[PDB]
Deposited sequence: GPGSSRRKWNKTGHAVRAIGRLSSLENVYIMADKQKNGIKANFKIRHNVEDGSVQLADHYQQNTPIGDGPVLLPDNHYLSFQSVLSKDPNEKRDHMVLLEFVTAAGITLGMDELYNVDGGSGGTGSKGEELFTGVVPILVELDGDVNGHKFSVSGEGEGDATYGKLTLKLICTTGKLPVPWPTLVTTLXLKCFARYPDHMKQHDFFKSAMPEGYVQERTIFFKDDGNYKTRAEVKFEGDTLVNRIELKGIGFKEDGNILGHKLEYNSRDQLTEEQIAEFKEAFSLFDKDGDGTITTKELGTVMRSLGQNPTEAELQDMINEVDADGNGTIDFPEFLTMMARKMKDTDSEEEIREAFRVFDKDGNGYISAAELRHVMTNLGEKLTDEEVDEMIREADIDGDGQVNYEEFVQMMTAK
C-alpha cells in the first residue's frame, strides 16, 4: 500500500533531481565572412513564483577594423556568475563576479596581469530610460572578472539578472595553446563589436550593441541597449525575478578557494596539477572519495584551471533538495505545465525512465500523494512526497 508508493515517489524524484544554476556553456562558432564569431545560447532566469523565464540570446562579434585577428575552431566557453550586494551601497546596484574558461599575439600580452575595467550602458526599455555605470578588474590568468555596477538614473526599470550577459569574454581563461584560438584578446587593443538580440519568452526583447576595447590601460565596455514588446505586468518590468540563489558560491568562499588554489600554482599559471586536487580540496575542509576525485579529474580531459576548480566546488554544496531543484523536478512530471500531475503524465515518466509499473501501481501513487482528493498531484502535494 502507502509505503511502497511513497518510496516510488521519493526514489524516482531523487533520480530526476540528481540530473544536475550559476553555470552555463556557450558554443562559439567561427563566422568566416565578417571575420568574427557568433553564438546562440539560452539563459534560464528563476522567477519568484517558482517558474522560469527563458532568455534566448543570439550574438555576433566583429573586430573594430582592421588587419590580423585570426579565427578559432568552434569551442565552448563555460561561465559561472556570482551576484551579490554591497551592504554599504544605498543606490540600486549589482556586484557581479564571473569565472570563464575555454574547453576544446600582441593582444594576449595585454591580459597577463590585473586589468582595470570601465562599463557603461545606456538603456531604453519600453521608453523607460536608464544608465548603468560600472567599474572593476579582470584577471584572465584566473578567468576572472569582477564588477560593481550602479544605476545612475535611480531605480533600474528591469531586473539586474537580465543585464548580466550584456554587462567581457576577453577575460576568459584559454588553456595551453587554445590561445591561437582566442578571438577576444587578439582583437585588442582596437577591440571588437559585440551585438545581441535577446528574446524573453512570452515577453519582450533586447538589442544591444557594445564596443569592448582599450582606452589607455583601461578595458572599456560601452553599451547601447533598446527593449520593446515587454509586459508592464510581466516578469521583467514587474521585477518578478530572483536576484540570487541560496546555494550559490560566496564572495568570501571564493577568496579562500583562490588563495588555496594559488598556493599550489607553482608556475604562476593559474593552473594546478591533477594530482594536487585532493590536497587542495582537503585544505578547504572537504573530504572527497578516492573515485569521486577521479571523476572530477577525468571530466577535466593534465592540469586544472581556476574556473574549472570553482565549478567542482560549486557542484558540492549545490543543495540536493532545493526549493528550485524540486520545482524543476515538478516540471519533468507535469509535461503540459498546467500545474497538476495526472495519472497519464506519471505513467509517461515511469515508462520513459524504465520504471516498470502497472496501472494499479500508478493509481496508488497518485492516491497516496493526492491530499485534496481531486485525482491529481499539485505542487505542494508533490513536495510532500519529495521530502524526507
| item | value |
| --- | --- |
| Ranges missing from the model, given as deposited sequence positions | 21-22, 107-125, 189, 324-327, 415 |
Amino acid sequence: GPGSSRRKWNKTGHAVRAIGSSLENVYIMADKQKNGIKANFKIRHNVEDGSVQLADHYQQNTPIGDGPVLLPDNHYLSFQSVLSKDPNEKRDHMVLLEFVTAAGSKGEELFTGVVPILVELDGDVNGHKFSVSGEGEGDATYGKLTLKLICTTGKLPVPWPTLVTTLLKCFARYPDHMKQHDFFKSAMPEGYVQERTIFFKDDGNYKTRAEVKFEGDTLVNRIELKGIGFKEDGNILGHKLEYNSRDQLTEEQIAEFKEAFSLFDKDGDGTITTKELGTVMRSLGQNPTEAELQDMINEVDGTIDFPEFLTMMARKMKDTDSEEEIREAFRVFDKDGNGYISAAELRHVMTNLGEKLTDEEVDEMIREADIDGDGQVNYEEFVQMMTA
From here on, numbers count along this sequence of modelled residues.
item	value
Higher-scoring stretch by recorded Cα B factor average, 154-162 or 169-177	169-177
Between 267-275 and 87-95 (mean CA B-factor, as deposited), the higher	267-275
C-alpha B-factor winner, where the candidates are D233, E256, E137, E120	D233
Which of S105, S133, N205, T141 ranks first by CA B-factor in the deposited coordinates	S105
Chain third (lowest, middle, highest) by recorded CA B-factor, residue given as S342	lowest
Within-chain third of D56 by Cα B-factor, per the entry	lowest
Record-listed C-alpha B factor of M385: chain third	middle
Chain thirds of CA B-factor: placement of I19	highest
Third of chain Cα B-factors occupied by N25	middle
